[PDB]
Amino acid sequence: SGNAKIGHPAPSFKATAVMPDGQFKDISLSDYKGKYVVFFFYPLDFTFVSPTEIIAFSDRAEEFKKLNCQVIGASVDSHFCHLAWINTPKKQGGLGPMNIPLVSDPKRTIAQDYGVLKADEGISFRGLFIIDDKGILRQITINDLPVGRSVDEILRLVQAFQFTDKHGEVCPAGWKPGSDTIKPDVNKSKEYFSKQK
């Protein structure tokens, strides 16, 4: 969990990234205070699972946008290496044009802060972080190096967390838009448990 604890302000940071239009702007998590943010880390540039999951995100970038949610990727590689990677063709193992910002963390501080730094390699694991509109860490997901994440599950989550923040109800197990939620009140909750069995 590093220094990022769920329920608390997510570790801040200011890094150089590759915007969805080429060119290098200095992005800060803080610049998004007001929008949800799916900040995810991936191992190394020019590897395998990575391009598959980072492309999967850029492509669906719109779906997240319709949720006032800004996705943001990051690795320990330099921005120059990031650019070179996006220019590389997909069929060739590259990312190709991106609709998502890609952050570089060559100090590995952003990594240490989020506790996803595989020290023995100076690499970061497949950590994903869902921090909300106010800056509070709401979900954290880490996978070992051989297994990619699921944009769908991560979408489900954001919607989920966005619901609760505005309805004072809680999302039962495996909730999805339309599913039954429940009132977190000893009495009021029985209106949910009752219609179960």
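Each residue number is its position in the shown sequence, starting from 1.
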- Once average C-alpha B-factors are taken from the entry for 73 to 81 and 116 to 124, the winner is 116 to 124
- Query: Given the B-factors recorded for C-alpha atoms, which segment has the greater mean, 182 to 190 or 14 to 22?
  - Reply: 182 to 190
- Note on the structure: Highest CA B factor of 30, 139, 143, 47, as deposited, is found at 47
- Message: In terms of recorded Cα temperature factor, pick the maximum from 157, 151, 38, 170.
- Response: 170
- Query: What third of its chain, lowest, middle or highest, does the C-alpha temperature factor of residue 147 fall into?
  - Reply: lowest
- Relative C-alpha B-factor of residue 103, binned into the chain's lowest, middle or highest third: lowest
- Message: Using only modelled residues of the chain, where does the Cα B factor of residue 110 rank: lowest third, middle third or highest third?
- Response: lowest
- Query: Compared with the other modelled residues in the chain, in which third is the CA B-factor of residue 54?
  - Reply: lowest
- Message: Per the entry's values, where does residue 133 land by CA temperature factor relative to the rest of its chain, in the lowest, middle or highest third?
- Response: middle
